[PDB]
Structures are given as C-alpha cells and as structure tokens.
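Only one chain comes next, encoded as structure tokens, the form deposited in one PDB entry.
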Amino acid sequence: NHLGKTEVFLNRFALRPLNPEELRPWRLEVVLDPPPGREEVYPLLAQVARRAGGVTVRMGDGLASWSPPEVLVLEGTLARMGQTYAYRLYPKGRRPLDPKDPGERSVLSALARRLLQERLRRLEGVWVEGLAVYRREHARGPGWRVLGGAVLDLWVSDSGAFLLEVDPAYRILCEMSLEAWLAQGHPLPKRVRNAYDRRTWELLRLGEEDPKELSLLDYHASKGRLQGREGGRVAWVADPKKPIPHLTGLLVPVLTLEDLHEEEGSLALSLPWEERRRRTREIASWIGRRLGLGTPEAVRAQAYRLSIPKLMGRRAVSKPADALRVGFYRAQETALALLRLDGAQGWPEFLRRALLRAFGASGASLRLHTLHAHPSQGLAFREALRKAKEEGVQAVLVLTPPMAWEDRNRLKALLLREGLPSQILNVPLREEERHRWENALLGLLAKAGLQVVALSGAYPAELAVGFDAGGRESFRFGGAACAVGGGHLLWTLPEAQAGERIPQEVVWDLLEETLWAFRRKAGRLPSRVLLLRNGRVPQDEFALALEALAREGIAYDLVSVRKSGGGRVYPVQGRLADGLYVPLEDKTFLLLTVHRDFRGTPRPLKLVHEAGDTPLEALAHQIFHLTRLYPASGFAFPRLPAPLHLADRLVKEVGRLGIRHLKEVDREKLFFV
C-alpha cells in the first residue's frame, strides 16, 4: 500500500512571473574571424557572451540577451588556447522562448543566472564569488578567516516564473600575503590571487630570479600596486597553461581546508538542518530585498514516508554488522586464508572466534588457513597462492601495517591475478576496535562471495543493475555495472575489446553480461529489471539496451540518479524522517535515503524516470530499499542504492589496480569493496 503524507519546504523560493519583455529576449548573431572549428564554437560563443557584457548568454549559434543591444560591446577580440578571434554581433530581432519547452526554457534560465550574477557584482561590502555571496564573519585564525553566506541560483520554471535557490555556505579567505604566509611557516599555494585585484592564478614556484631585471617591479609600480607593499620574490604564476612573472608579495594564497587544517581549534562547517533552514529563509529574504523581483515565496511540496526496509540476516537485523552474531541469511561453506605482513604468526584469537561465532550461528562450515609465504619470496609466493586456491581458499585477509598506495595496489593485483580477493586489516589492532575489524570481516566475507544479509519483501523489479562509465561523459571507453536482487550481488566488467565501440553497444554489453551471470547463478532469467545510471551520460546510450530487453520480453525502468542538485528538503512540522519521497516536475522526484546526524543537513538524491511504466512511488520504494543492501558497511547505510554504490567502487578499483582479464574471480565475489 502506502503510508505517510507530510508537507515540506524546498530551499526554493517562488518569485515574480517573467514579464513580456523577458519572455522574448533579443536575438543576436555572432560572426567570428577566423572560423572557430567544429568543436570550439560552443565555448567560444559562451566567451563572447561574457565579453559582450550585460545579461547576455548563448542561445544556439548566437547570443540571447536581456540587456539593450546598445549597451553591449558589439565588437572586439578574444583569445582561446592560443588563437585570437574578432567577433561581431548582429541584432536579429526578438524571439519568444516557450517556458513549456525545456530546451528554450534552458535559455531563459541561463539569462536568469546572468541577471542574478549581475546584481551581486554591484553589491557593496560583501565578498562575491560567482553566484555565492558571503555576508558574515564566522570563524577566524592566524591571518585567515571564514565567511558565511549562500550559494545562490535563479531560473525560470514551467509556469514561466522566476525561481530563487539558496543554500548556506562558508568560504575560506586568507588575510595574509604569500610572502607573509610563507614567513609564518605554511607551505604550498595551489592557486593564489593578486593582492590588488581578483584574478586568481596557479603559482608554479618561487624563482630565485632577478631583483629588478623590461621591468617587473616597475610594472607593478606603474600602477601603485606596489606603493607601500613590498613585492618579495619572483613568482611564476599560471593561468590555464605563458609564464607570468610576479612577486610573492603581490599575491595572496588561496587556502583549502588543509592550510587552516592543523588549526586554531575544531572547525565545523556543517549545519544542523534547523539552523540551515533558518539561514536559507533569512538570506532568501535579504537577496530578494535587492533583486527587485518580488518577495521570495518558499515553495512547499507533498512528501511521503516510505516503508522501512526489512533487513534480514538469519534472524532480523538492524544493520549488516549484527548478522555476525545472529547468523547470515544463506551461507555457503567457506575457507579463508590469513596473510600476515608484519612479524606476527597466526590468527588473532578474537578474530578466529568472531568468525567461528558467526559461522556456527549460521548454517555451514568454515576453514581457516594460514599462508606461509611472503610476497617478496616471489615465485614461491605465487605457488603458495595457487596452492591456497587448490584447497579451496576463497578470500585472503591481510594483516599489515598501513601500506603506501602503490604497495597496496600491487599486493591486491598480485592476489587477484591468482583469483584471490583480499581484505586489508591494519595490524596495530586491538580487540576493542570492534567497528574497524568487524567491518574488515564483513568485507572479507563479501569478497568470499557470502550473502550476509538480504531484503525480506516484495519488489516490482527482480533484478536491479547500476551502471558507471569508464569515460566520464559516455560508455564510449568502457565502464562497469553491478546488480543486486533472493537478492544475490554481482559485478560486470565490459567486453575487453578496445577503443570506441559504440556507446549503446557497451551498455547493452554490460546488461546482457549481467543478465547472463544472473541466470547461471539463479538458474532463472528475471522478468523485470530496474536500470540505474548516473545521468552524466546522454540516455540514447541505453537505446540498444532497452529494446534488446524488448525482444526478450523483459520489462524495465530506466532511472537516473544525481548525487547533487537535489536542493534541500525541510519539514513544516516534526523532525526530518528517513525514507522521504518528494515528487516534483514529473518523471522526476527527490529522495532522502538517510539522515544520520544532527550536526549536518541531509542531501536528497534527485531521480528521473527516463523510461518505463512502473509507478513513481513504487520506484522510490525500491530504490530506497536497495540502499540497505551494501555488504561492506555494517554500521551505516550509503545514500546511494547498493547497485550504484557498488559499481562506482568497482570502477575505482579497476583503475587503481590494473584490471583487464579478471578471469579466475567468481562474479558474486565482490573483490572491490
């Protein structure tokens, strides 16, 4: 059925409906010299849009502006990664822009963004950075300070009305010159900024160069930039590249959490949701005060409390860790090997037992083996592994002191090559460090292929598969996928074959390889699948996949999941509740999969039903439950549903180790967690 109904506020504020003049922006035409180049045209126009000044943005192969064509710089010259271009703008009249047409709507909103940006630029006595305005001094420290404000946004809606988005944020500013910053003691400025203006850079190094040798220190003097400041050492900055000689005294370090890391105290940049809601309401009211588009009106929305997930081990469990005592769901016979990289010998008693306590409490048996080779023994080590694999060892638990990145990846790849997933557990280890080692054991077992916990319930889709791209914007250069159920997890790696196969073939490739591995492990071929992707890549990339599912007669649902851009969700009454579903413009909605502390504010996932007929609540419900099926955590659930959280980790590990043909590892052994 369905439960709960609640009302919430979105960190959005409704404003004045667009007036006739805005709905029909002026349409300018751009002429370049020399011609751009097939791929350089779009960004080049964006650049002319800025160069021409005013509330002007790119619309198609030209600009669209809200500023009178007369105030814009109709001619000029701009450079791009070398070549410079002369531009010409020809008013081509006015063009209505239907808000109902997402695509045209995309331009009015772009203009709304430029309009909002323009007001901040003329704001007095407030630090501005893009669409963020910082209006209050929060924390402090030697030479540095922290400002508080909000990242802002403005866009036109379905209805054709303005929308203001406000999300509180903190900014880190240095109040000390690079010369004085180094004096103190601090080191590396990744980027830096002119003490006199705002152009940020990426200082390369400090050159032991020429006092005043035309002139460097004179140039900065031919402007007074240097009067009463003491240009220090020769510093070569950078831009997105010429070496632009400079003085470390006319530069200000751009700090990160690091610089201010070691600190003048603990530093909490997170906000409990009420304080967060409080500042949003306030700043929204403050900006609307000088935006002149009416009073911002908090948009409310209907929310629904989704039914909690029934996480089942052998008995009922509240989190994965608890199955170590209750027993796991179904459990195979298994064997694990211990590999000690320090100087100790066997299995730590409390570990031996915990495993023993977990397995006995479960059905089947376990055997603990101990490898007696050392990675350095080379070939003797490999035969030792081949030999462990022979007697049935399924996964290796590695006790060792913290390992350097590359040593770590070398040991894992080496073991993986002999068909052995491994789990590292850092050796200075006490029995009281319950969380750390119990988590390690959860991983080891998962790597062994054991289904520690499963979902007890009913779901539209029998198989759920998450996809992640090998090239960030497309599956052109391969990628990975993972699938959860019965519910037994498995990974899928692309068909090894190189270059640029067609994207949709790579995708369909992933899905068919997943549909197969499922069958050879469940003996059955799912009747309905839930497909999950990130939204980063097009969608037409899943076309071959979709109708392939058409021929085999299996039903589907394509749902995209965004980690951010979901804004914020606050109740009108009561406390933030877990398992919150919030419908928006349709085919899309919000989901609050977690809320686990009160020193922070939850970040809703934003989803889009891009294909399929299953009802949105039904989608929300399942995607929420998939969230409790990650095996490697045990003390806290991920925000992303298991399938996507797993695939990303798989894509990460693939790159970190150097996987091509993981040929001896079973597909239900989550070697990558």
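Heads up, when I say rigid core I mean the largest set of C-alphas that superpose within 1.5 Å between the two forms. Residue numbers run from 1 along the displayed sequence.
Q) Between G485 and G486, how many deposited residues lack coordinates (none, 1 to 3, 4 to 9, 10 or more)? A) In the deposited sequence, 1 to 3 residues between these two have no coordinates.
Q | Gap size, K242 back to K241 (deposited sequence, no coordinates) | A | Going from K241 to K242, the model skips 1 to 3 residues of the deposited sequence.
Q. Higher mean Cα B-factor in the deposited model: 343 to 351 or 419 to 427?
A. Between 419 to 427 and 343 to 351, it is 343 to 351 that shows the higher mean C-alpha B-factor.
Q: Look over 197 to 205 and 490 to 498 in the entry and identify the one with the greater average Cα temperature factor.
A: Result: 197 to 205.
Q: Using the entry's values, work out which of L650, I659, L10, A14 has the largest Cα B factor.
A: Largest recorded C-alpha B-factor: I659.
Q.
Looking at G327, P602, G143, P402, which one carries the largest C-alpha B-factor according to the PDB entry?
A. Highest CA B-factor of the listed options: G143.
Q: Ordered by C-alpha B-factor within the chain, which third holds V73? Give me lowest, middle or highest, please.
A: CA B-factor rank for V73: highest third.
**Q.** Ranked against its chain, the third holding the CA B-factor of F467
**A.** Lowest third - that is where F467 ends up once the chain's C-alpha B-factors are sorted.
Q: Would you please rank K669 by its C-alpha temperature factor against the other modelled residues of its chain and give the third it falls in: lowest, middle or highest?
A: Answer is lowest: the recorded C-alpha B-factor places it there.
Q. Mind checking which third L576 falls in for C-alpha B-factor across the chain?
A. Within its chain, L576 is a highest-third residue by C-alpha B-factor, going by the deposited values.
**Q.** Within-chain third of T256 by Cα B-factor, per the entry
**A.** Within its chain, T256 is a highest-third residue by C-alpha B-factor, going by the deposited values.
Separately, the form deposited in another entry exists; it is not shown, and the next lines address it.
Q.
Which residue of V73, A361, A543, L341 is the mover here, meaning its C-alpha shifts by 2 Å or more between this form and the one not shown once both are aligned on the rigid core?
A. Between the two forms, the residue that moves is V73.
Q: Please say whether, between this form and the one not shown, the C-alpha of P460 moves by 2 Å or more once the core is aligned.
A: Stays below the 2 Å threshold, so no.
(Q) After core superposition, I'd like to know whether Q47 moves between this form and the one not shown (criterion: C-alpha shift of 2 angstroms or more). (A) Comparing forms between this form and the one not shown, the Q47 CA shifts at least 2 Å.
Q: Compare the position of the CA of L28 between this form and the one not shown after a rigid core fit and state whether the shift reaches 2 Å.
A: Indeed, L28 is displaced by 2 Å or more.
Q: Regarding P538 and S157, go with closer or farther for their CA spacing in the other form versus this form, the difference being 3 Å or more.
A: So the answer is farther.
(Q) What direction does the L607-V537 Cα distance move in the other form compared with the shown chain, closer or farther, given a change of 3 Å or more? (A) Result: closer.
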